[PDB]
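Read through the structure below, which is laid out as structure tokens, and then see the notes.
We place every Cβ from the backbone using ideal geometry, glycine too, and count neighbours over all the protein chains shown. Rule-based calculations on the coordinates, nothing more; no lab input.
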Amino acid sequence: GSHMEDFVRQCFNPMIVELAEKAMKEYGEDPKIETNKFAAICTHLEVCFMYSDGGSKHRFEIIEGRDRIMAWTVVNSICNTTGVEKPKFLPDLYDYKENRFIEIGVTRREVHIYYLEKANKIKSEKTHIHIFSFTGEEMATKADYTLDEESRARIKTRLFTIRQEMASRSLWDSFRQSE
Ligand SMILES: C[C@@H](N1CN([C@H]2c3ccccc3CSc3ccccc32)n2ccc(=O)c(O)c2C1=O)C(F)(F)F
Ligand SMILES: [Mg+2]
Ligand SMILES: [Mg+2]
């Protein structure tokens, strides 16, 4: 039983903890052992949820936090009714306003390097990429950051609070050196 597993359960809300547990178990991993990944998946989930809450009412369809099959089911319905091309890989959101899938990224390295890796992996020009760092920087496709500045600032505040809360527990260095 790790110090980091208890921190995650105290830091994130129960709905997010459970979806993250279900995400890892779906791919045969265990949150009690891969505790840094546990924390990262929770962090990514919370960012996705704040992001979809950042726009107007019906703006975003949330793809993240679903089982593999339902996630691809919703992608197929979105494509077969928008005409947008079907992404090679599962994204995190769909933007009904801008009519594009979004891939959210949270990294403990430089947004530049992480953004390059995901762009090269995606190859799909269509899917919009939006990277957030734990230091308060971001990088989005075509310099288009989708949400207004206040909603993005709130995300960056939360990320920095997570970072200090791990620091106060000496979990931060180990978390940084895992990615
Ligand atoms: C399963 C889906 N994944 C993989 N993987 C994901 C994940 C989920 C469960 C078990 C292992 C892992 C690898 S580690 C990690 C770390 C933080 C957040 C998410 C994740 N991703 C990393 C960064 C993302 O931005 C992202 O969207 C995903 C994601 O969605 C997929 F696309 F492959 F179908
Ligand atoms: Mg995802
Ligand atoms: Mg993502």
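I need a count of the residues in the range 73-96 that are assigned to a strand (DSSP E or B) and not charged (D, E, K, R). Matching residues across the range 73-96 total 2.
Filtered by the rule that a residue be free of Cβ contacts under 8 Å to residues at least 24 places away in the same chain, assigned to a loop (DSSP other than H, G, I, E, B) and either within 16 Å of ligand 3 (Cβ to nearest atom) or of a type outside the set (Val, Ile, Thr) (or both), the range 14-40 gives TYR27, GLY28, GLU29, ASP30, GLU34. Among residues of the range 56-95 being among the basic types (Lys, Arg) and surrounded by fewer than 16 Cβ atoms within 10 Å (Cβ to Cβ), the one that is nearest to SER151 (Cα to Cα) is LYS57.
Among the residues making up the range 126-179, those that are touching a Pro at 6+ places or on another chain (Cβ under 9 Å) and either exposed (fewer than 14 other Cβ atoms within 10 Å of the Cβ) or part of a loop (DSSP other than H, G, I, E, B) (or both) are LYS126, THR127. Restricting to the range 41-72, what's the tally of residues that are within 12 Å of ligand 1 (Cβ to nearest atom) and either part of a loop (DSSP other than H, G, I, E, B) or in contact (Cβ under 8 Å) with a residue 24 or more places away in the chain (or both)? Qualifying residue count for the region: 15.
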